[PDB]
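Written below as C-alpha cells is the structure these notes are about.
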2 protein chains.
Amino acid sequence: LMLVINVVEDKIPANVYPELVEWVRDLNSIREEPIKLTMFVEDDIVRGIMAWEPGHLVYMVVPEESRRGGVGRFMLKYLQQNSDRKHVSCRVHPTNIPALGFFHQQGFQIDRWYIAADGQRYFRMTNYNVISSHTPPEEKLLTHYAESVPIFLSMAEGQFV
Amino acid sequence: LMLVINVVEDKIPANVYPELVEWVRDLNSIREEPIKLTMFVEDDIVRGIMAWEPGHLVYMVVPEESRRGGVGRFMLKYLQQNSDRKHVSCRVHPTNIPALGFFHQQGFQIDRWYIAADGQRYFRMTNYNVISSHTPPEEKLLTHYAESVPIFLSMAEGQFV
Ligand SMILES: CC(=O)SCCNC(=O)CCNC(=O)[C@H](O)C(C)(C)COP(=O)(O)OP(=O)(O)OC[C@H]1O[C@@H](n2cnc3c(N)ncnc32)[C@H](O)[C@@H]1OP(=O)(O)O
Ligand SMILES: CC(=O)SCCNC(=O)CCNC(=O)[C@H](O)C(C)(C)COP(=O)(O)OP(=O)(O)OC[C@H]1O[C@@H](n2cnc3c(N)ncnc32)[C@H](O)[C@@H]1OP(=O)(O)O
C-alpha cells in the first residue's frame with residue numbers, strides 16, 4: 001500500500017533545497033549512471049528516503065517519529081530486489097552504532113574498515129556472507145557455571161540483622 | 001537487594017569445571033593481581049557473571065532469560081565504581097554488534113581496532129570520552145526535504161483502477 005516515488009533530481013527546486021541539490025550533484029559528478037533518490041510515502045507522511053544505486057546504499061533515514069516500525073527494513077529489501085544477486089554494500093561511521101545494529105539485524109556484517117582522506121573513519125557493511133561470526137568459548141563456560149554451581153548463601157534482613 | 005558474591009578461584013571444583021579453571025588460570029598467569037570473578041544473584045538465579053579487574057572488563061554474560069532487564073547495566077556500573085576515575089576498557093569482536101549496542105548505550109565508544117596474533121579482529125571500547133561522535137550533514141538535508149516537499153500524488157484503488 002506504500003507509495004514508492006523517485007525524485008527527478010534536475011527538477012528539485014534549487015531555491016528551496018540548495019544544499020540537497022549540491023549534495024546530489026557532487027554524488028553524480030563521479031558517476032556515469034546518476035544516483036537514485038527514492039521516497040517511501042504513507043498517506044501524507046514520507047516514512048523514509050533513500051539515496052541508492054544497484055548494489056550500493058549511499059544514505060537512508062527514517063524520521064524519528066516513524067522509526068522501529070519496519071520502514072528501514074522495507075527500504076533495504078527494496079534495494080536488494082533492485083540489486084545484482086541482492087547483494088548490497090554500505091558505509092557506516094564507527095560512532096553510528098545504532099545503524100550497525102540495524103544493518104546487522106538485516107544480515108549485514110563489517111567486512112572492511114579504513115580512514116578516509118579527511119581523517120574520518122568508516123566501516124563497510126555487506127551481505128556477501130564471507131565474514132564468519134565467532135562466539136568466544138568463555139561465554140559457554142561462564143553460562144554453564146552460573147546456572148549449575150551450588151549456592152548456599154542466605155542473608156535477607158527480616159527478623160534479624 | 002541483589003547479592004554480589006566473589007568466586008574464590010582456587011576453590012572452584014576442578015573435577016566439575018575443568019575448562020573454567022583453566023581459563024581463569026591462563027588469565028592469572030600474566031597478572032600480578034588475580035582477576036576477579038563476580039556473580040550477581042537474585043533469589044536462586046544468577047542474573048549475571050563478570051570477569052573483571054579495576055579499569056578493565058574481561059568478559060560478562062547475562063543468561064538469555066535475564067536479558068534486557070538492566071542487569072548488564074548494573075554490572076558495568078558496579079565495575080566503574082571499583083575503577084579509577086570510573087574509567088573502563090573492554091574488547092569486543094566486530095561480529096558482536098549486539099554487545100556494541102549495549103556498551104554504546106552505556107557511554108562507550110570504539111577507540112581502537114586491531115588484528116590479534118591468531119588472526120582474530122577486535123575493537124577496544126572505553127568511556128574515556130576522547131572520541132568525537134559525528135553526524136553527517138546529509139541526514140539533516142534529507143530529513144528536511146522529506147518533511148517539507150509538496151507531494152500531490154493520488155492513486156488508491158477504490159472505485160477506479
Ligand atoms: C545509510 C547508511 O549507510 S548509514 C546511516 C543510517 N541512517 C541513520 O543513521 C539515520 C538515523 N537512523 C534512522 O533513520 C533509522 O534508525 C535507521 C535507518 C537506522 C533504521 O530505520 P528503522 O525503520 O527504525 O529500522 P527497523 O524498524 O526496520 O528495525 C529493524 C531492526 O533493526 C534493528 N534496529 C533498528 N534500529 C536499531 C537501533 N537504533 N539500535 C539497535 N538496533 C536497531 C532492530 O533489531 C529492529 O527490529 P525491532 O524494532 O523489532 O527491535
Ligand atoms: C564483556 C565484553 O567485553 S564482550 C561480550 C559481551 N557479552 C556477550 O556478548 C554475551 C551475550 N550477551 C549478553 O549477555 C547481554 O546481552 C549483554 C551482557 C551484552 C547485555 O546484558 P543486558 O542485561 O541484556 O543489558 P541491559 O538490560 O542492561 O540493556 C541496557 C541497554 O543496552 C542496549 N542493549 C542491550 N542489549 C542490546 C542488544 N542485544 N542490541 C542492541 N542494544 C542492546 C539497550 O539500549 C538496552 O536498553 P533497553 O533494554 O531499554 O532497550
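The chains in the C-alpha cells are called A, B, ... from first to last as shown; in each chain the residues are counted from 1, and the ligands are counted from 1 in the order shown.
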
* To do: Would you list, as an MDAnalysis selection string, the residues of segment 103-155 of chain B that end up in strand (DSSP E) under DSSP run on this structure's backbone?
  => chainID B and resid 109:115 121:126

Would you export the selected residues with N, CA and C atoms as an mmCIF file, in the first residue's frame, please?
```
data_model
loop_
_atom_site.group_PDB
_atom_site.id
_atom_site.type_symbol
_atom_site.label_atom_id
_atom_site.label_comp_id
_atom_site.auth_asym_id
_atom_site.auth_seq_id
_atom_site.Cartn_x
_atom_site.Cartn_y
_atom_site.Cartn_z
ATOM 1 N N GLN B 109 32.595 4.017 23.475
ATOM 2 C CA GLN B 109 32.836 4.192 22.050
ATOM 3 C C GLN B 109 34.033 3.350 21.635
ATOM 4 N N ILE B 110 34.057 2.969 20.359
ATOM 5 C CA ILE B 110 35.217 2.287 19.794
ATOM 6 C C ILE B 110 36.347 3.297 19.641
ATOM 7 N N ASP B 111 37.465 3.054 20.325
ATOM 8 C CA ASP B 111 38.617 3.936 20.211
ATOM 9 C C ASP B 111 39.871 3.242 19.695
ATOM 10 N N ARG B 112 39.841 1.925 19.493
ATOM 11 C CA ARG B 112 40.970 1.210 18.914
ATOM 12 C C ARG B 112 40.461 -0.024 18.184
ATOM 13 N N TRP B 113 41.142 -0.379 17.092
ATOM 14 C CA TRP B 113 40.887 -1.642 16.414
ATOM 15 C C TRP B 113 42.216 -2.276 16.027
ATOM 16 N N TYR B 114 42.228 -3.606 15.972
ATOM 17 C CA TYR B 114 43.458 -4.342 15.712
ATOM 18 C C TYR B 114 43.116 -5.765 15.296
ATOM 19 N N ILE B 115 44.136 -6.471 14.815
ATOM 20 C CA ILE B 115 44.049 -7.888 14.483
ATOM 21 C C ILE B 115 45.018 -8.631 15.392
ATOM 22 N N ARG B 121 39.925 -10.363 14.927
ATOM 23 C CA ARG B 121 39.779 -8.916 14.952
ATOM 24 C C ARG B 121 39.068 -8.487 16.229
ATOM 25 N N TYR B 122 39.385 -7.280 16.693
ATOM 26 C CA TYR B 122 38.815 -6.791 17.939
ATOM 27 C C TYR B 122 38.728 -5.275 17.916
ATOM 28 N N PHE B 123 37.692 -4.760 18.570
ATOM 29 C CA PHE B 123 37.585 -3.353 18.918
ATOM 30 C C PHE B 123 37.855 -3.198 20.408
ATOM 31 N N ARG B 124 38.531 -2.118 20.779
ATOM 32 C CA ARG B 124 38.564 -1.680 22.166
ATOM 33 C C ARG B 124 37.504 -0.604 22.350
ATOM 34 N N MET B 125 36.685 -0.753 23.386
ATOM 35 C CA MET B 125 35.671 0.231 23.733
ATOM 36 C C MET B 125 35.972 0.771 25.122
ATOM 37 N N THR B 126 35.977 2.096 25.253
ATOM 38 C CA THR B 126 36.226 2.763 26.522
ATOM 39 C C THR B 126 35.192 3.861 26.726
#
```

* To do: Could you pull out the residues sitting within 7 Å of ligand 1, using only C-alpha atoms and all ligand atoms, and write them as a ChimeraX atom specification?
  => /A:57-64,66-74,90-92,96,98-99,101-103,105-106 /B:101,139

How about saving the chosen residues, C-alpha atoms kept, as a compact mmCIF listing (two decimals), in the first residue's frame?
```
# COMPACT_ATOMS: atom_id res chain seq x y z
CA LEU A 57 23.38 2.16 -0.39
CA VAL A 58 24.56 5.77 -0.19
CA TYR A 59 22.34 7.00 2.64
CA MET A 60 18.94 6.32 4.17
CA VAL A 61 17.00 7.91 7.02
CA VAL A 62 13.68 7.17 8.71
CA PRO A 63 12.38 10.28 10.54
CA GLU A 64 12.40 9.69 14.29
CA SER A 66 8.50 6.63 12.07
CA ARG A 67 11.33 4.51 13.48
CA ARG A 68 11.21 0.95 14.88
CA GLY A 69 8.26 0.11 12.64
CA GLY A 70 9.96 -1.87 9.89
CA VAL A 71 10.24 1.03 7.44
CA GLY A 72 14.03 0.77 7.31
CA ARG A 73 13.77 -2.98 6.74
CA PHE A 74 11.33 -2.39 3.87
CA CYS A 90 27.12 0.44 2.63
CA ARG A 91 29.31 2.76 4.71
CA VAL A 92 28.75 3.47 8.41
CA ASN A 96 26.85 5.21 14.46
CA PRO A 98 22.62 2.17 16.25
CA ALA A 99 22.92 1.89 12.46
CA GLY A 101 22.67 -2.78 14.94
CA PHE A 102 20.06 -2.16 12.24
CA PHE A 103 22.19 -3.50 9.38
CA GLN A 105 19.78 -7.44 12.12
CA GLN A 106 19.26 -7.38 8.33
CA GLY B 101 24.94 -1.59 21.05
CA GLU B 139 20.99 13.29 7.30
```

* To do: Using only C-alpha atoms, determine which residues of chain B fall within 8 Å of chain A; present them as a VMD selection string.
  => chain B and resid 17 19 to 20 23 39 45 to 46 48 to 49 59 to 61 63 93 to 98 100 to 101 104 109 to 110 133 to 134 138 to 139 141 to 143 145 to 147

* Point-to-point distance from atom 51 (O, counted along the ligand's line) of ligand 2 to atom CA of residue 128 of chain B, Å rounded to tenths ->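 Atom-to-atom, atom 51 (O, counted along the ligand's line) of ligand 2 and atom CA of residue 128 of chain B are spaced 23.0 Å apart.
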
* Asked: Running DSSP on the backbone, which parts of segment 78-116 of chain B land in alpha helix (DSSP H), as a ChimeraX atom specification?
  -> /B:78-81,97-105

* Counting only C-alpha atoms and all ligand atoms, the option among B:29, B:159, B:129, B:89 closest to ligand 2 -> B:89

* To do: Using atom 34 (N, counted along the ligand's line) of ligand 2 and atom CA of residue 80 of chain A as the two end points, give the distance in Å to one decimal.
  =>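 Computing it gives 27.5 Å between the two atoms.
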